[PDB]
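Structure, as structure tokens:
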Amino acid sequence: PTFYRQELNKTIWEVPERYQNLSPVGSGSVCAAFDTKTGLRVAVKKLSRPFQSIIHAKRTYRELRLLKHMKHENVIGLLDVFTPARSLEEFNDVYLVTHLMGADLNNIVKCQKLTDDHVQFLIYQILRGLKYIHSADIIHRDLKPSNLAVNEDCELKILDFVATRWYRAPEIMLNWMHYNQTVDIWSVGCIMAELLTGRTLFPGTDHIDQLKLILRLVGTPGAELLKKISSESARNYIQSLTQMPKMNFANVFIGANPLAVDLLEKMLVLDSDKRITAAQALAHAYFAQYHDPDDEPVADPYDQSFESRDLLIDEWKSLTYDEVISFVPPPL
Ligand SMILES: Cc1ccc(-n2nc(C(C)(C)C)cc2NC(=O)Nc2ccc(OCCN3CCOCC3)c3ccccc23)cc1
Ligand SMILES: Nc1ccc2c(NCc3cc(CC4CC4)co3)nc(-c3ccccc3)nc2c1
């Protein structure tokens with residue numbers, strides 16, 4: 001494949017001839033383009049200094065390994081990955097190609113009002129994607145409206161591109177080091193609550209103000225949850241806050257679907273051991289119009305053994321180069 005060059009907002013791009021009409025989108029740096037081989041509008045992300053440090057190199061390998069493995073309708077997939085290099089000695093740029101979506105859920109929630117029917121379809125697609133992601137032993141940790149891309153037909157894709165702490169599970173705020181996958185479910189509840197009211201549910205100014213807003217809704221942790229908190233520092237700070245009662249969500253999300261209020265009651269739970277999972281939430285009556293267990297697939301098992309390895313930069317670079325060369329595009 002022959003490459004061409006052009007500068008687009010300080011960053012120079014070397015892309016194959018198949019990608020035309022490059023247009024800057026945001027900032028790695030992303031460009032919108034047209035793929036003459038497939039006829040699709042695509043998004044091309046150029047990784048910025050992929051091997052500047054051990055942190056960058058392993059991060060580069062992690063993202064390429066993740067995107068190559070994601071093959072689900074509601075999760076961002078990899079259409080192509082290329083580099084202008086002809087060998088490992090000159091391998092310094094990595095480009096990632098995916099579908100071009102219309103916008104993100106952040107634009108829709110602040111520019112449009114969503115019917116309860118639209119909330120069902122949008123939240124169902126998130127939970128459908130989360131079940132696929134969680135089945136591969138992967139936690140997103142960064143779910144928020146700006147990480148969810150939506151088309152004009154309300155088709156949604158999860159990606160990992162508005163404060164993140166507003167959607168962070170409380171066990172992440174207190175820096176618990178043994179949380180589970182339901183930290184994403186807490187984020188879904190905060191997102192679902194925002195689609196129903198148009199307001200951010202927990203607009204905290206800091207980590208402490210975030211927990212104060214959370215406790216005003218969910219109430220004081222009970223004796224069962226207090227038994228399972230290992231940090232004496234956090235366990236004492238929780239016992240230092242005045243006893244807040246748990247608000248009834250029907251009095252908070254008024255005029256909302258009774259099934260929507262019940263699902264939020266199962267998602268916005270402090271005790272992560274009792275928080276509803278992605279698979280269980282798909283079976284909730286709120287998604288009866290869309291739920292189909294035979295069309296909610298799980299993922300092929302994903303090898304994360306590299307995360308426990310301590311390698312050099314050129315070793316991470318060489319491993320990334322192998323994944324670039326071994327990539328097989330999906331058929332049309
Ligand atoms: C270190 C690291 C590790 C993993 C990730 N990671 N994790 C995920 C999962 C969890 C959802 C599978 C996905 C990602 N990576 C991404 O979501 N990467 C991307 C974000 C935004 C983009 O372009 C946004 C612009 N948008 C594209 C499509 O919609 C229209 C415009 C991208 C464009 C092309 C290629 C990748 C993009 C990210 C970083
Ligand atoms: N088995 C479980 C189940 C839930 C746990 C958990 N849940 C999240 C949480 C929420 C809160 C409420 C704080 C706002 C006051 C405290 O912890 N935190 C923590 C935790 C929090 C801080 C430090 C160490 C552990 N451990 C949990 C163990």
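Residues are named by chain letter and number: chains run A, B, ... in the order of the structure tokens, numbers start at 1 in each chain, and ligands are numbered from 1 in the order shown.
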
List all protein, DNA and RNA residues that have at least one atom no more than 9 Å from any atom of ligand 2, counting only C-alpha atoms and all ligand atoms, and write them as number ranges by chain.
A: 169-179, 208, 210-215, 218-221, 225-235, 237-239, 241, 269-274

Considering only C-alpha atoms, return as a PyMOL selection string whatever protein or nucleic-acid residues lie within 8 Å of region 322-331 of chain A, sequence-local ones (same chain, fewer than 3 positions apart) excluded.
chain A and resi 64-65+68+78-83+318-319

Which residues form the shell of 6 Å around ligand 1 when you count only C-alpha atoms and all ligand atoms, given as a PyMOL selection string?
chain A and resi 30+43-45+59+62-63+66-67+75+96-103+140+149+158-161

Where does DSSP see alpha helix (DSSP H) in region 80-114 of chain A, if you list the residues as number ranges by chain?
A: 105-111

Write the residues of the selection above to a file with C-alpha atoms, as a compact mmCIF listing (two decimals), in the first residue's frame.
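What landed in part-v3.txt:
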```
# COMPACT_ATOMS: atom_id res chain seq x y z
CA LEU A 105 -24.38 10.68 24.30
CA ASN A 106 -23.09 13.89 25.91
CA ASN A 107 -24.37 16.00 23.01
CA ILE A 108 -27.76 14.27 22.90
CA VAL A 109 -28.56 14.59 26.61
CA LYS A 110 -27.93 18.36 26.64
CA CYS A 111 -29.42 19.21 23.23
```

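We find CA of residue 263 (chain A) and CA of residue 119 (chain A) to be spaced 12.2 Å apart.
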
Closest contacts (region 140-253 of chain A/region 278-287 of chain A, max 10 Å, only C-alpha atoms) as JSON lines:
```
{"residue": "A:181", "atom": "CA", "partner": "A:278", "partner_atom": "CA", "distance": 8.8}
{"residue": "A:182", "atom": "CA", "partner": "A:278", "partner_atom": "CA", "distance": 7.7}
{"residue": "A:184", "atom": "CA", "partner": "A:278", "partner_atom": "CA", "distance": 8.7}
{"residue": "A:185", "atom": "CA", "partner": "A:278", "partner_atom": "CA", "distance": 6.8}
{"residue": "A:188", "atom": "CA", "partner": "A:278", "partner_atom": "CA", "distance": 9.6}
```

Emit the selected residues as a PDB file, in the first residue's frame, including N, CA and C atoms.
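Result written to result_9.pdb:
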```
ATOM      1  N   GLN A 181     -16.736  -5.831  38.705  1.00  0.00           N
ATOM      2  CA  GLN A 181     -17.179  -5.259  37.438  1.00  0.00           C
ATOM      3  C   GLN A 181     -18.408  -4.371  37.581  1.00  0.00           C
ATOM      4  N   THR A 182     -19.130  -4.460  38.698  1.00  0.00           N
ATOM      5  CA  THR A 182     -20.333  -3.653  38.862  1.00  0.00           C
ATOM      6  C   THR A 182     -20.034  -2.179  39.096  1.00  0.00           C
ATOM      7  N   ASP A 184     -18.975  -0.442  36.755  1.00  0.00           N
ATOM      8  CA  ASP A 184     -19.576   0.061  35.526  1.00  0.00           C
ATOM      9  C   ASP A 184     -21.091   0.168  35.650  1.00  0.00           C
ATOM     10  N   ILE A 185     -21.716  -0.737  36.408  1.00  0.00           N
ATOM     11  CA  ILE A 185     -23.165  -0.691  36.579  1.00  0.00           C
ATOM     12  C   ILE A 185     -23.574   0.571  37.326  1.00  0.00           C
ATOM     13  N   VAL A 188     -23.692   3.218  34.874  1.00  0.00           N
ATOM     14  CA  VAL A 188     -24.891   3.128  34.045  1.00  0.00           C
ATOM     15  C   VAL A 188     -26.078   3.758  34.759  1.00  0.00           C
TER      16      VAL A 188
END
```

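Relative to CA of residue 33 (chain A), CA of residue 19 (chain A) is found at 6.0 Å.
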
Report as a tab-separated table: every residue of region 106-224 of chain A with an atom at most 7 Å from region 294-315 of chain A, its closest pair of atoms, and their distance in Å to one decimal, counting only C-alpha atoms, with rows sorted by chain and ascending residue number.
```
residue	atom	partner	partner_atom	distance
A:128	CA	A:296	CA	6.2
A:131	CA	A:298	CA	6.6
A:132	CA	A:298	CA	4.6
A:133	CA	A:299	CA	6.9
A:135	CA	A:298	CA	5.7
A:136	CA	A:301	CA	5.4
```

Go ahead and write the residues just picked, C-alpha atoms, as an mmCIF file, in the first residue's frame.
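Dumped everything to selection_20.cif:
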```cif
data_model
loop_
_atom_site.group_PDB
_atom_site.id
_atom_site.type_symbol
_atom_site.label_atom_id
_atom_site.label_comp_id
_atom_site.auth_asym_id
_atom_site.auth_seq_id
_atom_site.Cartn_x
_atom_site.Cartn_y
_atom_site.Cartn_z
ATOM 1 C CA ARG A 128 -25.589 -5.391 26.129
ATOM 2 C CA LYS A 131 -22.093 -7.990 29.362
ATOM 3 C CA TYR A 132 -19.771 -8.661 26.421
ATOM 4 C CA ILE A 133 -16.949 -6.620 27.963
ATOM 5 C CA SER A 135 -17.437 -11.592 30.105
ATOM 6 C CA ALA A 136 -13.859 -11.055 28.862
#
```

As an exercise, work out the distance from CA of residue 142 (chain A) to CA of residue 167 (chain A) in Å and give it to one decimal place.
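Atom-to-atom, CA of residue 142 (chain A) to CA of residue 167 (chain A), that is 8.0 Å.
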
Using only C-alpha atoms, determine which residues lie at most 9 Å from residue 38 (chain A), disregarding the query and same-chain residues fewer than 4 positions distant; provide the list as a short mmCIF file (atom, residue, chain, number, x, y, z; two decimals) with C-alpha atoms, in the first residue's frame.
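Below is the file selection15.cif, written as the result:
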```cif
data_model
loop_
_atom_site.label_atom_id
_atom_site.label_comp_id
_atom_site.auth_asym_id
_atom_site.auth_seq_id
_atom_site.Cartn_x
_atom_site.Cartn_y
_atom_site.Cartn_z
CA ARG A 18 -7.51 4.24 0.66
CA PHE A 34 -13.58 8.29 3.86
CA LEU A 332 -17.95 -6.33 4.74
#
```

Compare A:264, A:24, A:14, A:154 by their minimum atom-to-atom distance to residue 190 (chain A), counting only C-alpha atoms, and give me the closest one.
A:264

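Shortest separation to residue 52 (chain A) among A:143, A:317, A:37, A:194 occurs at residue A:317, atoms counted being only C-alpha atoms.
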
Determine which residues of region 22-263 of chain A receive a DSSP assignment of strand (DSSP E or B), computed from the backbone, and state them as a count of residues only.
36
